[PDB]
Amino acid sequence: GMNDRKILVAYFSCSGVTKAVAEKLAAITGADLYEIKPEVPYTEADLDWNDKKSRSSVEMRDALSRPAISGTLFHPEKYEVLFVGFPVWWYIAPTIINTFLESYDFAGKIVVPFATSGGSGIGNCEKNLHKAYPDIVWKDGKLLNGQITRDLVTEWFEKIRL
């Protein structure tokens, strides 16, 4: 279970919703936290999904976009379980999550996705990640827009056999 693991909760958050979820997961599980920080922070304008020319619109229609991240984990291999959280952007993971997954060799490493959203599910995000990084030990993830309890998290660990 959660006590049986060295855990890192890594997350990307622009408006703080996913950050608050990450902090709660960490509090419950006793995990360490890592903020995936962009080298160039996203502004309000950048995040305007109604503007086809906004940074986020342009990045998200480019399958090869890789926003740069500020900083590096020194000993990521010391963590046995990595949770990776993000807002849903255009039905998938933001491409900074691709930058993150490609910054380390996560082959053979247990990764559990989580997300927040304005209504869309995490399933489409997961299927795309599963195909993009087949050598990661992906465990079933969760959309976490609701109430996160210690029972929800302990069941989750049970369901994914951690």
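Quick note: we count residues from 1 along the sequence shown, nothing fancier.
Between 128 to 136 and 56 to 64, the higher mean Cα B-factor belongs to 56 to 64. Remark: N50 belongs to the highest third of its chain, ranked by C-alpha B-factor as recorded. In the deposited entry, the Cα temperature factor of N98 sits in the middle third of values across the chain's modelled residues. Among all modelled residues in this chain, the alpha-carbon of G108 has a temperature factor (C-alpha) in the lowest third.
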